[PDB]
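Sequence lines, in order, name chains C and F. Heads up: take any position in the first sequence, counting from 1, add 218, and you land on PDB author numbering. Heads up: take any position in the second sequence, counting from 1, add 218, and you land on PDB author numbering. We put the CB at the ideal spot given by N, CA and C, even for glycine. First comes the structure, then the notes that go with it.
Protein chains: 2
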Amino acid sequence: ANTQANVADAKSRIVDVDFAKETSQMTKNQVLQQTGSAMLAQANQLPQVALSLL
Amino acid sequence: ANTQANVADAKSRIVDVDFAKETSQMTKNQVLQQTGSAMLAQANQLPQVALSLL
Numbered sequence: 219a220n221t222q223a224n225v226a227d228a229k230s231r232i233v234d235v236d237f238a239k240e241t242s243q244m245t246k247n248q249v250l251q252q253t254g255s256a257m258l259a260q261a262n263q264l265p266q267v268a269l270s271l272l
Numbered sequence: 219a220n221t222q223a224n225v226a227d228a229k230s231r232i233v234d235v236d237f238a239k240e241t242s243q244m245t246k247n248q249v250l251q252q253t254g255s256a257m258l259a260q261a262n263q264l265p266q267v268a269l270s271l272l
């Protein structure tokens, strides 16, 4: 029983996820998605300077 | 019999836990867990000021 407890602890250190870290990464990538979407939508409007010159 | 009683007293002073102290430590760490959880959840929302500037 002792050894089972210690070995399950050891395995958990390797296999399981950390919620405190992974939620932070998720929120960071959410914000980056919104920023990149805005920036790409603004980037697709660059060829319209030619209509002004034309 | 006398010596057994006195030596068991001596060992108890070293090995056994104090409930009055240990319950207090437990309650303190409970409250700190709830506070730290709230503070981390509030901390993961900081990159959203950029969306306002954007």
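Span of the alpha helix (DSSP H), counted from its first residue to its last, around residue i
i	result
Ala219/F	Premise fails: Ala219/F is in no alpha helix (DSSP H) and is neither H nor E.
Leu258/F	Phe237 to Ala261
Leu272/F	Segment: none, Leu272/F is in no alpha helix (DSSP H) and carries neither H nor E.
Residue i versus residue j: straight-line alpha-carbon distance, rounded
i	j	result
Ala259/C	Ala261/F	29 Å
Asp234/C	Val233/F	34 Å
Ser255/F	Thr245/C	16 Å
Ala238/F	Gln222/C	32 Å
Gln243/F	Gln251/F	12 Å
Proximity below 7 Å, CB of residue i to CB of residue j
i	j	result
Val267/C	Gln266/F	no
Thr253/C	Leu272/F	yes
Going along the chain, which residues of the stretch 237–260 of chain F sit with their C-beta nearer than 7 Å to a C-beta in chain C?
-> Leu258
Just by C-beta distance, which residues in the stretch 220–231 of chain F are closer than 8 Å to chain C?
-> Of all residues in the stretch 220–231 of chain F, none has a Cβ within less than 8 Å of some Cβ in chain C.
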